[PDB]
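Have a look at the structure below before the remarks.
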Amino acid sequence: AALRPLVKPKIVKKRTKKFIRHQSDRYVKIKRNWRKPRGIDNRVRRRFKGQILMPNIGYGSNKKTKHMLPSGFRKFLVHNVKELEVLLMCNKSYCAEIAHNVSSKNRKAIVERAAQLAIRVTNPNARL
Amino acid sequence: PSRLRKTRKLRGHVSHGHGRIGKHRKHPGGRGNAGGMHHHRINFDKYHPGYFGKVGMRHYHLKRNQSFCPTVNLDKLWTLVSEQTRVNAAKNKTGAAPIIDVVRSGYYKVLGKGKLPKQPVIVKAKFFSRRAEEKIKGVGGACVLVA
Amino acid sequence: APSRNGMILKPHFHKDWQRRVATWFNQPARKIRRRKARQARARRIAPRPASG
RNA sequence: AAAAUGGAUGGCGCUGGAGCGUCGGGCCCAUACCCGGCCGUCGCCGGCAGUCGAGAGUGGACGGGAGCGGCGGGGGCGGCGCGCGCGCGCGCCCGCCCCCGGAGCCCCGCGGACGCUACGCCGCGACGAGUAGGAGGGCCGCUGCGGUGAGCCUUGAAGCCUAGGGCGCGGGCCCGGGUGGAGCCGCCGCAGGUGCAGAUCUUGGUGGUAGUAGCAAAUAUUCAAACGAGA
RNA sequence: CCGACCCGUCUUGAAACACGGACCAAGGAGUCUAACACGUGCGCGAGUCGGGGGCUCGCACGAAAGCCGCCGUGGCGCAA
RNA sequence: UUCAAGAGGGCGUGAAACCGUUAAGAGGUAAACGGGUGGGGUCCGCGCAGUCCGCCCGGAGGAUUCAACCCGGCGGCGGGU
Ligand SMILES: [Mg+2]
Ligand SMILES: [Mg+2]
Ligand SMILES: [Mg+2]
Ligand SMILES: [Mg+2]
Ligand SMILES: [Mg+2]
Ligand SMILES: [Mg+2]
Ligand SMILES: [Mg+2]
Ligand SMILES: [Mg+2]
Ligand SMILES: [Mg+2]
Ligand SMILES: [Mg+2]
Ligand SMILES: [Mg+2]
Ligand SMILES: [Mg+2]
Ligand SMILES: [Mg+2]
Ligand SMILES: [Mg+2]
Ligand SMILES: [Mg+2]
Ligand SMILES: [Mg+2]
Ligand SMILES: [Mg+2]
Ligand SMILES: [Mg+2]
Ligand SMILES: [Mg+2]
Ligand SMILES: [Mg+2]
Ligand SMILES: [Mg+2]
Ligand SMILES: [Mg+2]
Ligand SMILES: [Mg+2]
Ligand SMILES: [Mg+2]
Ligand SMILES: [Mg+2]
Ligand SMILES: [Mg+2]
Ligand SMILES: [Mg+2]
């Protein structure tokens with residue numbers, strides 16, 4: 001049924017959570033987005049035990065599977081049929097995703113053709 | 001281009017590149033070239049020697065047009081004229097010996113830096129130098145003065 | 001406060017140089033005014049030479 | 001050999017030690033050391049525009065005489081060297097001696113990678129602390145100009161909300177659902193009033209305090225009736 | 001279950017019985033010119049620069065663009 | 001009435017702090033925090049089997065044009081005496 005990709009290697013992610021900014025649990029002016037701390041007396045910087053962890057490059061992800069979905073496919077964003085036909089030959093490695101601003105009456109067209117050319121769509125049932 | 005600067009890179013960095021123990025305060029040494037005898041004596045004895053003092057006579061109302069003597073050497077002399085000249089000389093063997101005015105091409109005095117090829121040239125100029133006069137007669141030419 | 005081996009300079013800005021700045025933004029209009037005056041004179045003195 | 005809040009071999013507590021001294025076998029565990037995997041940087045005068053191999057300067061086009069040998073040389077065990085070819089096969093010693101527009105399996109000197117955006121792809125080996133500070137890369141972002149997407153759109157733009165699905169080390173982003181009512185974005189270059197936690201920061205708004213402190217200077221009010229929804 | 005004292009800043013040294021800070025949204029702080037030194041990139045080359053002015057467009061662009069016996073008056077350089 | 005009053009005279013949209021209510025969950029070392037697992041709910045996709053797909057060879061079934069080779073026209077690549 002569902003279009004099988006070419007290969008399906010297992011995927012491994014060294015960290016799964018996110019990195020929250022420090023002192024963001026107390027307050028609401030402060031957000032969850034990472035900003036690096038730079039004070040002198042600070043202990044995330046100085047790396048004590050039992051504290052926030054800072055992102056380095058060792059958490060970095062393998063390159064055979066980077067920007068790779070759980071289904072083996074990598075993603076690509078479109079707005080019309082014309083830029084869809086460029087995926088005909090990479091129809092087993094990459095997939096399509098239709099933008100948010102397209103009208104209902106035109107989504108039907110794009111789906112109708114992707115199904116012909118065997119180009120998988122990661123949101124085929126949105127507006128209806 | 002603001003986007004190629006290093007103020008676009010010191011955001012987050014608390015001090016904008018100027019320290020914490022010492023700070024970018026206003027004018028902490030003076031203001032200008034102050035202190036050549038006091039607390040900058042060393043830059044001006046070292047990198048600028050001859051600055052303090054007084055020397056020489058005074059000329060009060062000096063006009064730089066009286067004192068004007070554009071100079072030229074001998075190597076750069078056959079270029080005032082074209083190539084017809086230097087080639088049609090050393091040819092037909094009459095004692096051609098062409099004439100070269102320097103005051104036409106914007107030069108007054110003649111100087112003896114270089115050398116020059118063997119043809120019996122004539123020259124006209126206001127001033128000469130000793131060695132320049134020699135080299136010319138050495139090649140078989142002459143020198144001529146004008147007002 | 002000087003530093004390692006530069007020039008010594010004396011700039012002339014210790015006055016109030018800033019009320020008295022002059023822009024050359026009217027450079028073209030100044031050109032355009034003249035032509036229309038320079039033409040019209042030569043039309044006033046009709047066959048006579050325009051230069052003078 | 002004596003101090004003032006009740007009081008500290010860390011504590012409970014221990015006297016064939018859980019004490020003091022000399023000594024054994026067994027054992028425990030650090031981001032240190034070893035083995036492996038994944039990321040980045042650095043170094044190879046690295047490698048690939050299309051053909052040869054792991055010991056020491058290789059290749060053919062080229063004439064007159066032709067084989068059983070070569071390579072008649074170190075108990076050294078030497079880059080040189082010797083039995084996985086040395087003259088193999090087919091017609092009749094003599095001759096042929098097409099041969100990869102494709103031999104035959106790991107070198108093909110005819111042209112080429114599924115790789116070749118050369119600002120690319122591949123391979124090895126070593127390293128990674130960090131304040132002030134210095135440099136680089138930013139397909140991280142904000143507003144506008146020039147070109148360009150035969151771009152998006154009242155069959156619904158911006159903005160806003162979200163126990164929803166997902167990506168990137170991170171900056172940040174893409175989808176899905178609701179509201180809403182008219183404009184907005186991606187690429188190559190240009191430009192800048194360009195990214196906030198603070199500054200007894202400026203302007204506006206809102207909380208605990210809190211239904212609290214209080215409504216106490218100057219002797220004093222009471223009974224009935226009337227208007228009136230109502231004293 | 002184990003670990004774990006509140007951020008900024010001065011400081012040899014801060015969890016401090018050292019100052020600032022109730023809470024939220026918006027604004028908010030390394031600029032522009034003039035001159036110099038060096039490094040990089042482009043063009044011509046013992047030469048190289050029209051920036052002032054003039055000839056052509058009424059200026060929709062565009063107060064642009066092109067051009068000059070000005071073509072070098074001159075400035076920096078080639079000689080101390 | 002108006003498409004719309006979830007546009008009702010300081011009425012475009014309509015954030016946050018701060019409040020009221022409803023649903024769930026919990027409660028003697030102030031709260032909050034990091035790593036690791038568990039439990040429960042809200043939603044996504046199963047499928048109410050998910051048995052995934054593609055090349056050549058073999059087999060049994062049916063079916064209709066051409067190609068194999070010739071001739072005619074048309075177009076293009078290459079060549080060097
Ligand atoms: Mg992640
Ligand atoms: Mg410190
Ligand atoms: Mg720093
Ligand atoms: Mg600095
Ligand atoms: Mg400071
Ligand atoms: Mg000091
Ligand atoms: Mg300097
Ligand atoms: Mg480091
Ligand atoms: Mg409108
Ligand atoms: Mg602006
Ligand atoms: Mg600003
Ligand atoms: Mg703020
Ligand atoms: Mg700060
Ligand atoms: Mg009371
Ligand atoms: Mg009273
Ligand atoms: Mg210090
Ligand atoms: Mg002190
Ligand atoms: Mg502190
Ligand atoms: Mg104390
Ligand atoms: Mg103070
Ligand atoms: Mg205070
Ligand atoms: Mg702001
Ligand atoms: Mg330069
Ligand atoms: Mg409406
Ligand atoms: Mg409305
Ligand atoms: Mg309203
Ligand atoms: Mg609520």
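Letters A, B, ... mark the chains of the structure tokens in the order given; residue numbers begin at 1 per chain; ligand numbers begin at 1, in order shown.
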What do you get as a list in words if you pick all residues at most 7 Å from ligand 5, counting only C-alpha atoms (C1' of nucleotides) and all ligand atoms?
->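 My answer, listing the contacting residues, is residues 15, 19, 20 and 23 of chain B.
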Determine which residues of chain A sit within 10 Å of chain F, taking into account only C-alpha atoms (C1' of nucleotides), and present them as a ChimeraX atom specification.
-> /A:1-4,22-23,25-26,28-29,49-53
Could you write out the selected residues, including N, CA, C and O atoms, as a short mmCIF file (atom, residue, chain, number, x, y, z; two decimals), in the first residue's frame?
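Once everything was written out, this is again-v1.cif:
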data_model
loop_
_atom_site.label_atom_id
_atom_site.label_comp_id
_atom_site.auth_asym_id
_atom_site.auth_seq_id
_atom_site.Cartn_x
_atom_site.Cartn_y
_atom_site.Cartn_z
N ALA A 1 0.83 -1.20 0.00
CA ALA A 1 0.00 0.00 0.00
C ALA A 1 0.87 1.25 0.00
O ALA A 1 1.10 1.86 -1.05
N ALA A 2 1.35 1.63 1.18
CA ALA A 2 2.18 2.81 1.31
C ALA A 2 3.48 2.64 0.54
O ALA A 2 4.08 1.56 0.55
N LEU A 3 3.90 3.71 -0.11
CA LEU A 3 5.09 3.66 -0.93
C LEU A 3 6.33 3.41 -0.09
O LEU A 3 6.65 4.20 0.80
N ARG A 4 7.01 2.33 -0.38
CA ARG A 4 8.19 1.97 0.37
C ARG A 4 9.38 2.78 -0.15
O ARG A 4 9.55 2.91 -1.36
N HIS A 22 18.18 28.84 30.91
CA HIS A 22 18.31 28.78 32.35
C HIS A 22 17.55 29.90 33.02
O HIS A 22 17.55 31.04 32.56
N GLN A 23 16.87 29.54 34.11
CA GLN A 23 15.98 30.39 34.90
C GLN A 23 14.68 30.68 34.18
O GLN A 23 14.04 31.70 34.44
N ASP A 25 12.07 28.54 34.26
CA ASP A 25 11.00 27.88 34.98
C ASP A 25 10.38 28.78 36.02
O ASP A 25 9.24 28.54 36.42
N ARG A 26 11.11 29.80 36.45
CA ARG A 26 10.65 30.78 37.41
C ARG A 26 9.77 31.84 36.79
O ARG A 26 8.84 32.32 37.44
N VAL A 28 8.53 34.42 33.14
CA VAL A 28 7.67 34.42 31.96
C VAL A 28 8.12 35.42 30.92
O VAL A 28 7.78 35.28 29.74
N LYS A 29 8.86 36.45 31.32
CA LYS A 29 9.66 37.21 30.38
C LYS A 29 10.74 36.35 29.75
O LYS A 29 11.13 36.59 28.60
N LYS A 49 27.62 19.61 38.64
CA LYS A 49 26.70 18.49 38.51
C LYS A 49 25.27 18.93 38.73
O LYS A 49 24.98 19.91 39.42
N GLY A 50 24.35 18.15 38.18
CA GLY A 50 22.96 18.35 38.46
C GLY A 50 22.40 19.66 37.97
O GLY A 50 21.68 20.34 38.71
N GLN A 51 22.72 20.05 36.74
CA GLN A 51 22.32 21.33 36.21
C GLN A 51 22.01 21.18 34.74
O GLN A 51 22.10 20.10 34.17
N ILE A 52 21.67 22.31 34.13
CA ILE A 52 21.37 22.34 32.71
C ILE A 52 22.61 21.90 31.97
O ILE A 52 23.74 22.03 32.46
N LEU A 53 22.40 21.35 30.79
CA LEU A 53 23.47 20.88 29.93
C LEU A 53 23.51 21.72 28.67
O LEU A 53 22.47 22.06 28.12
#
Chain E contacts on chain C, only C-alpha atoms (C1' of nucleotides), 7 Å, as a VMD selection string = chain C and resid 6 to 7 28
List all protein, DNA and RNA residues that have an atom no more than 9 Å from any atom of ligand 18, counting only C-alpha atoms (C1' of nucleotides) and all ligand atoms, and report them as a VMD selection string.
-> (chain A and resid 40 to 42) or (chain E and resid 6 to 9 14 to 16)
Can you write out the residues you just picked, keeping C-alpha atoms (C1' of nucleotides), as a PDB file, in the first residue's frame?
ATOM      1  CA  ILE A  40      31.187  35.123  36.130  1.00  0.00           C
ATOM      2  CA  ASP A  41      29.567  33.337  39.061  1.00  0.00           C
ATOM      3  CA  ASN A  42      27.424  31.057  36.906  1.00  0.00           C
TER       4      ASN A  42
ATOM      5  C1'   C E   6      19.382  33.008  43.175  1.00  0.00           C
ATOM      6  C1'   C E   7      20.567  35.743  38.482  1.00  0.00           C
ATOM      7  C1'   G E   8      23.543  40.319  37.170  1.00  0.00           C
ATOM      8  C1'   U E   9      28.170  42.942  38.849  1.00  0.00           C
ATOM      9  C1'   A E  14      30.145  35.961  46.831  1.00  0.00           C
ATOM     10  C1'   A E  15      24.886  31.225  48.534  1.00  0.00           C
ATOM     11  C1'   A E  16      26.250  35.687  51.477  1.00  0.00           C
TER      12        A E  16
END
Which residues form the shell of 12 Å around ligand 15 when you count only C-alpha atoms (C1' of nucleotides) and all ligand atoms, given as a ChimeraX atom specification?
-> /D:215-218
Once you have the residues from the selection above, write them out as a PDB file, in the first residue's frame, restricted to N, CA, C and O atoms (P, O5', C5', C4', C3', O3' and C1' of nucleotides).
ATOM      1  P     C D 215     -10.787  56.421  62.567  1.00  0.00           P
ATOM      2  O5'   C D 215     -11.969  56.700  61.541  1.00  0.00           O
ATOM      3  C5'   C D 215     -12.013  57.911  60.813  1.00  0.00           C
ATOM      4  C4'   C D 215     -13.222  58.021  59.921  1.00  0.00           C
ATOM      5  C3'   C D 215     -14.573  57.952  60.596  1.00  0.00           C
ATOM      6  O3'   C D 215     -14.946  59.166  61.210  1.00  0.00           O
ATOM      7  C1'   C D 215     -14.592  56.625  58.641  1.00  0.00           C
ATOM      8  P     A D 216     -15.709  59.132  62.614  1.00  0.00           P
ATOM      9  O5'   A D 216     -14.609  58.597  63.622  1.00  0.00           O
ATOM     10  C5'   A D 216     -13.619  59.475  64.122  1.00  0.00           C
ATOM     11  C4'   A D 216     -13.869  59.795  65.565  1.00  0.00           C
ATOM     12  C3'   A D 216     -12.951  60.818  66.211  1.00  0.00           C
ATOM     13  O3'   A D 216     -13.276  62.167  65.906  1.00  0.00           O
ATOM     14  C1'   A D 216     -13.134  58.953  67.615  1.00  0.00           C
ATOM     15  P     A D 217     -12.128  63.272  65.667  1.00  0.00           P
ATOM     16  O5'   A D 217     -12.293  64.287  66.889  1.00  0.00           O
ATOM     17  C5'   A D 217     -11.879  63.922  68.196  1.00  0.00           C
ATOM     18  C4'   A D 217     -11.661  65.112  69.104  1.00  0.00           C
ATOM     19  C3'   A D 217     -12.889  65.918  69.473  1.00  0.00           C
ATOM     20  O3'   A D 217     -13.664  65.321  70.495  1.00  0.00           O
ATOM     21  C1'   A D 217     -11.193  67.391  68.815  1.00  0.00           C
ATOM     22  P     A D 218     -15.265  65.299  70.381  1.00  0.00           P
ATOM     23  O5'   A D 218     -15.677  66.807  70.633  1.00  0.00           O
ATOM     24  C5'   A D 218     -15.288  67.431  71.836  1.00  0.00           C
ATOM     25  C4'   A D 218     -15.593  68.904  71.853  1.00  0.00           C
ATOM     26  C3'   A D 218     -17.026  69.301  71.568  1.00  0.00           C
ATOM     27  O3'   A D 218     -17.902  69.091  72.655  1.00  0.00           O
ATOM     28  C1'   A D 218     -15.573  70.714  70.376  1.00  0.00           C
TER      29        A D 218
END
Would you list which chain A residues are within 10 Å of chain B using only C-alpha atoms, as a count of residues only?
-> 5
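You will find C1' of residue 57 in chain E at 23.8 Å from CA of residue 44 in chain C.
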Name the residues in contact with range 197-207 of chain D at a cut-off of 10 Å, using only C-alpha atoms (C1' of nucleotides), excluding same-chain residues fewer than 2 positions from it; report them as a list in words.
-> residues 27, 29 and 30 of chain A; 209 of chain D; 7, 8, 20, 21, 22, 23, 24, 25, 26, 27, 28 and 29 of chain E; 17 and 18 of chain F
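The chain B residues that come within 8 Å of chain C are residues 28, 29, 30, 31, 32, 33, 34, 43 and 47 of chain B, with only C-alpha atoms taken into account.
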Compute the set of chain A residues within 6 Å of chain D, using only C-alpha atoms (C1' of nucleotides), and express it as a list in words.
->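 Close enough to count are residues 55, 56, 57, 58, 59, 60, 67, 104 and 105 of chain A.
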Please produce a file of the residues just selected, as a PDB file, in the first residue's frame, where the atoms kept are C-alpha atoms.
ATOM      1  CA  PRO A  55      24.847  21.910  23.491  1.00  0.00           C
ATOM      2  CA  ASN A  56      28.113  21.044  21.843  1.00  0.00           C
ATOM      3  CA  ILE A  57      28.950  19.262  18.626  1.00  0.00           C
ATOM      4  CA  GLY A  58      29.251  15.776  20.098  1.00  0.00           C
ATOM      5  CA  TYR A  59      25.497  15.424  20.181  1.00  0.00           C
ATOM      6  CA  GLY A  60      25.681  15.899  16.425  1.00  0.00           C
ATOM      7  CA  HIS A  67      16.934  15.594   8.163  1.00  0.00           C
ATOM      8  CA  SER A 104      -8.391  23.896  -1.560  1.00  0.00           C
ATOM      9  CA  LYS A 105      -9.329  23.728  -5.245  1.00  0.00           C
TER      10      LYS A 105
END
With only C-alpha atoms (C1' of nucleotides) and all ligand atoms counted, collect every polymer residue having an atom within 9 Å of ligand 4; state the result as a VMD selection string.
-> (chain B and resid 16 to 19) or (chain D and resid 133 to 134)
Using the selection just defined, write its residues with N, CA, C and O atoms (P, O5', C5', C4', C3', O3' and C1' of nucleotides) as a PDB file, in the first residue's frame.
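Wrote it out as result29.pdb, contents follow:
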ATOM      1  N   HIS B  16      31.151  44.706  24.891  1.00  0.00           N
ATOM      2  CA  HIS B  16      31.361  45.205  23.550  1.00  0.00           C
ATOM      3  C   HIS B  16      32.835  45.441  23.264  1.00  0.00           C
ATOM      4  O   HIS B  16      33.215  46.359  22.538  1.00  0.00           O
ATOM      5  N   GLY B  17      33.669  44.583  23.836  1.00  0.00           N
ATOM      6  CA  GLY B  17      35.040  44.438  23.421  1.00  0.00           C
ATOM      7  C   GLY B  17      36.054  45.319  24.090  1.00  0.00           C
ATOM      8  O   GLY B  17      37.136  45.513  23.528  1.00  0.00           O
ATOM      9  N   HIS B  18      35.765  45.829  25.282  1.00  0.00           N
ATOM     10  CA  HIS B  18      36.569  46.869  25.905  1.00  0.00           C
ATOM     11  C   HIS B  18      36.866  46.599  27.372  1.00  0.00           C
ATOM     12  O   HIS B  18      37.255  47.518  28.092  1.00  0.00           O
ATOM     13  N   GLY B  19      36.713  45.366  27.828  1.00  0.00           N
ATOM     14  CA  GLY B  19      37.212  44.972  29.124  1.00  0.00           C
ATOM     15  C   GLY B  19      36.192  45.054  30.240  1.00  0.00           C
ATOM     16  O   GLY B  19      35.067  45.528  30.082  1.00  0.00           O
TER      17      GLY B  19
ATOM     18  P     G D 133      35.742  41.158  26.708  1.00  0.00           P
ATOM     19  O5'   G D 133      36.864  40.808  25.650  1.00  0.00           O
ATOM     20  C5'   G D 133      37.932  41.709  25.468  1.00  0.00           C
ATOM     21  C4'   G D 133      39.114  41.109  24.755  1.00  0.00           C
ATOM     22  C3'   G D 133      38.963  40.769  23.289  1.00  0.00           C
ATOM     23  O3'   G D 133      39.064  41.896  22.445  1.00  0.00           O
ATOM     24  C1'   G D 133      40.126  39.046  24.416  1.00  0.00           C
ATOM     25  P     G D 134      38.319  41.919  21.023  1.00  0.00           P
ATOM     26  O5'   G D 134      39.160  40.915  20.122  1.00  0.00           O
ATOM     27  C5'   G D 134      40.300  41.368  19.419  1.00  0.00           C
ATOM     28  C4'   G D 134      40.930  40.290  18.591  1.00  0.00           C
ATOM     29  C3'   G D 134      40.072  39.716  17.498  1.00  0.00           C
ATOM     30  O3'   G D 134      39.956  40.544  16.362  1.00  0.00           O
ATOM     31  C1'   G D 134      41.077  37.967  18.661  1.00  0.00           C
TER      32        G D 134
END
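Between CA of residue 70 in chain B and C1' of residue 70 in chain E lies a distance of 24.5 Å.
In this model, the gap between atom 1 (Mg, counted along the ligand's line) of ligand 1 and CA of residue 8 in chain A comes to 20.4 Å.
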Env. residues ligand 14 / 8 Å / only C-alpha atoms (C1' of nucleotides) and all ligand atoms / as a list in words =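 Result of the 8 Å neighbour search around ligand 14: residues 212, 213 and 214 of chain D.
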For ligand 26, which residue out of F:43, F:7, F:56, F:77 is the nearest one, using only C-alpha atoms (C1' of nucleotides) and all ligand atoms?
-> F:7
Could you write out as a PyMOL selection string the residues of chain B within 12 Å of chain E, counting only C-alpha atoms (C1' of nucleotides)?
-> chain B and resi 2+5-11+14-18+20-22+24+70-73+76+111-113
Export of the given selection (C-alpha atoms) as a PDB file, in the first residue's frame:
ATOM      1  CA  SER B   2      26.918  47.277   8.893  1.00  0.00           C
ATOM      2  CA  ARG B   5      31.228  44.714  11.066  1.00  0.00           C
ATOM      3  CA  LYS B   6      32.087  43.426  14.516  1.00  0.00           C
ATOM      4  CA  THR B   7      29.310  45.199  16.336  1.00  0.00           C
ATOM      5  CA  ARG B   8      27.029  42.641  14.757  1.00  0.00           C
ATOM      6  CA  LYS B   9      29.091  39.981  16.557  1.00  0.00           C
ATOM      7  CA  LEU B  10      29.382  41.414  20.069  1.00  0.00           C
ATOM      8  CA  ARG B  11      25.695  41.107  20.880  1.00  0.00           C
ATOM      9  CA  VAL B  14      28.517  42.110  27.873  1.00  0.00           C
ATOM     10  CA  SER B  15      31.192  44.731  27.321  1.00  0.00           C
ATOM     11  CA  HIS B  16      31.361  45.205  23.550  1.00  0.00           C
ATOM     12  CA  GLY B  17      35.040  44.438  23.421  1.00  0.00           C
ATOM     13  CA  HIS B  18      36.569  46.869  25.905  1.00  0.00           C
ATOM     14  CA  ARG B  20      35.906  44.664  32.641  1.00  0.00           C
ATOM     15  CA  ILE B  21      38.762  45.754  34.900  1.00  0.00           C
ATOM     16  CA  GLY B  22      39.412  48.754  32.691  1.00  0.00           C
ATOM     17  CA  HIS B  24      36.006  52.519  27.794  1.00  0.00           C
ATOM     18  CA  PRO B  70      62.044  71.292 -12.991  1.00  0.00           C
ATOM     19  CA  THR B  71      64.722  68.693 -13.519  1.00  0.00           C
ATOM     20  CA  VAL B  72      65.417  65.896 -15.943  1.00  0.00           C
ATOM     21  CA  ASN B  73      68.162  63.369 -16.582  1.00  0.00           C
ATOM     22  CA  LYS B  76      64.723  60.366 -20.309  1.00  0.00           C
ATOM     23  CA  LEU B 111      71.182  66.411 -14.958  1.00  0.00           C
ATOM     24  CA  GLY B 112      73.765  63.745 -15.543  1.00  0.00           C
ATOM     25  CA  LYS B 113      72.332  60.632 -13.965  1.00  0.00           C
TER      26      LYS B 113
END
Alpha helix (DSSP H) positions in chain C, given as a PDB file with N, CA and C atoms, in the first residue's frame:
ATOM      1  N   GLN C  27      23.967  71.485  -7.364  1.00  0.00           N
ATOM      2  CA  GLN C  27      24.959  71.553  -8.428  1.00  0.00           C
ATOM      3  C   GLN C  27      24.316  71.472  -9.799  1.00  0.00           C
ATOM      4  N   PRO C  28      23.409  70.539 -10.075  1.00  0.00           N
ATOM      5  CA  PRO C  28      22.794  70.498 -11.403  1.00  0.00           C
ATOM      6  C   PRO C  28      21.900  71.670 -11.748  1.00  0.00           C
ATOM      7  N   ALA C  29      20.990  72.042 -10.862  1.00  0.00           N
ATOM      8  CA  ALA C  29      20.138  73.196 -11.104  1.00  0.00           C
ATOM      9  C   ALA C  29      20.949  74.443 -11.405  1.00  0.00           C
ATOM     10  N   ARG C  30      22.076  74.603 -10.723  1.00  0.00           N
ATOM     11  CA  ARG C  30      22.987  75.693 -11.022  1.00  0.00           C
ATOM     12  C   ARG C  30      23.474  75.615 -12.458  1.00  0.00           C
ATOM     13  N   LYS C  31      23.702  74.404 -12.960  1.00  0.00           N
ATOM     14  CA  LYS C  31      24.070  74.248 -14.360  1.00  0.00           C
ATOM     15  C   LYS C  31      22.901  74.587 -15.262  1.00  0.00           C
ATOM     16  N   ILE C  32      21.719  74.118 -14.896  1.00  0.00           N
ATOM     17  CA  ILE C  32      20.547  74.285 -15.735  1.00  0.00           C
ATOM     18  C   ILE C  32      20.133  75.743 -15.811  1.00  0.00           C
ATOM     19  N   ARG C  33      20.270  76.491 -14.719  1.00  0.00           N
ATOM     20  CA  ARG C  33      19.910  77.900 -14.780  1.00  0.00           C
ATOM     21  C   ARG C  33      20.768  78.635 -15.791  1.00  0.00           C
ATOM     22  N   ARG C  34      22.030  78.248 -15.893  1.00  0.00           N
ATOM     23  CA  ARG C  34      22.980  78.998 -16.692  1.00  0.00           C
ATOM     24  C   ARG C  34      22.712  78.848 -18.176  1.00  0.00           C
ATOM     25  N   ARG C  35      22.524  77.610 -18.635  1.00  0.00           N
ATOM     26  CA  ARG C  35      22.238  77.359 -20.042  1.00  0.00           C
ATOM     27  C   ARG C  35      21.084  78.207 -20.538  1.00  0.00           C
ATOM     28  N   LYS C  36      19.977  78.183 -19.809  1.00  0.00           N
ATOM     29  CA  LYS C  36      18.802  78.927 -20.221  1.00  0.00           C
ATOM     30  C   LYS C  36      19.070  80.423 -20.220  1.00  0.00           C
ATOM     31  N   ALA C  37      19.999  80.873 -19.384  1.00  0.00           N
ATOM     32  CA  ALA C  37      20.446  82.255 -19.449  1.00  0.00           C
ATOM     33  C   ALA C  37      21.463  82.456 -20.558  1.00  0.00           C
ATOM     34  N   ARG C  38      22.292  81.452 -20.805  1.00  0.00           N
ATOM     35  CA  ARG C  38      23.365  81.589 -21.779  1.00  0.00           C
ATOM     36  C   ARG C  38      22.816  81.506 -23.191  1.00  0.00           C
ATOM     37  N   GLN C  39      21.835  80.636 -23.397  1.00  0.00           N
ATOM     38  CA  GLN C  39      21.085  80.628 -24.642  1.00  0.00           C
ATOM     39  C   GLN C  39      20.370  81.945 -24.887  1.00  0.00           C
ATOM     40  N   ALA C  40      19.632  82.420 -23.890  1.00  0.00           N
ATOM     41  CA  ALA C  40      18.713  83.522 -24.099  1.00  0.00           C
ATOM     42  C   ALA C  40      19.445  84.804 -24.424  1.00  0.00           C
ATOM     43  N   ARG C  41      20.616  84.995 -23.833  1.00  0.00           N
ATOM     44  CA  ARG C  41      21.417  86.157 -24.172  1.00  0.00           C
ATOM     45  C   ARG C  41      21.788  86.135 -25.642  1.00  0.00           C
ATOM     46  N   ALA C  42      22.293  85.006 -26.114  1.00  0.00           N
ATOM     47  CA  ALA C  42      22.658  84.881 -27.510  1.00  0.00           C
ATOM     48  C   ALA C  42      21.470  85.024 -28.443  1.00  0.00           C
ATOM     49  N   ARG C  43      20.258  84.799 -27.954  1.00  0.00           N
ATOM     50  CA  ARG C  43      19.075  85.115 -28.737  1.00  0.00           C
ATOM     51  C   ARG C  43      18.757  86.597 -28.694  1.00  0.00           C
ATOM     52  N   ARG C  44      19.105  87.259 -27.597  1.00  0.00           N
ATOM     53  CA  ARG C  44      18.890  88.693 -27.492  1.00  0.00           C
ATOM     54  C   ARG C  44      19.828  89.443 -28.425  1.00  0.00           C
TER      55      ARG C  44
END
Tell me, as number ranges by chain, which residues lie within 12 Å of residue 86 in chain D, counting only C-alpha atoms (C1' of nucleotides); anything in the same chain fewer than 3 positions away does not count.
-> D: 67-70, 83
Spatial neighbours of range 77-89 of chain A, 12 Å, only C-alpha atoms (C1' of nucleotides), chain gap at least 3 places, as a PyMOL selection string | (chain A and resi 74+92-103+106-123) or (chain D and resi 149-153+174-175+185-186)
Return as a list in words the residues of protein, DNA or RNA that approach ligand 1 to within 7 Å, with only C-alpha atoms (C1' of nucleotides) and all ligand atoms taken into account.
-> residues 15, 16, 17 and 18 of chain A; 168 of chain D
